[PDB]
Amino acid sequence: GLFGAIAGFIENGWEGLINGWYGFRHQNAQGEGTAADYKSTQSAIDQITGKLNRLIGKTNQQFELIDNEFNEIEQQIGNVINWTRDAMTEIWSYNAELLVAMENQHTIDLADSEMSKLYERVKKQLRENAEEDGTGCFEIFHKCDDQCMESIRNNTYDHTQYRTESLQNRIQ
């Protein structure tokens, strides 16, 4: 993708993340745990739903018979119809394959985008209390229990509370 997160610096996806599209995996003294992020997941789903609202359930216009299966029409008119209909087929075939290819390219970049947005949110959230390792993880330079991990996911993390402790650890 264009944003280099999904199939980028993040190695692979998590098959155990069934509660959403994107999430958090923490590691502390109490053991590991995984939770989905509602906001980023919903943003991605709504955009895909929007594409489906556009393509599925369209109101088509009426067309009638112009030739005859049982009693063949005059030969010159018939050849013009066949030449027209097949030219229409090629245009729509072209349009359909291009539309799908184009939309698929956007959808993949779209989902890669939402992953990057979430990653950047957490980066700005943690300020000087954490360093990124390059794989998609943030190394927290202070003791951060299950409730503290909750505050990062919940977006209620106060960096001031842990700043002194983490700056001491980052330097030595």
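Counting begins at 1, following the sequence as shown.
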**Item:** Segment of higher mean CA temperature factor, 26-34 or 119-127
**Value:** 26-34
**Asked** Once you work out the mean C-alpha B-factor for both 99-107 and 35-43 from the entry, which is higher?
**Response** 35-43
**Prompt:** Say you rank 151, 19, 12, 160 by Cα B-factor from the PDB entry; which sits at the top?
**Reply:** 19
**Request:** Grab the CA temperature factor for residue 172 from the record and place it in the lowest, middle or highest third of its chain.
**Result:** highest
**Complete:** So, residue 55's CA B-factor, relative to its chain, sits in which third? The highest
**Asked** Split the chain's modelled residues into thirds by Cα B-factor; is residue 89 in the lowest, middle or highest one?
**Response** lowest
**Request:** Check where residue 69 lands among this chain's C-alpha B-factors and tell me if it's the lowest, middle or highest third.
**Result:** highest
**Asked** residue 132: which third of its chain by C-alpha temperature factor?
**Response** middle
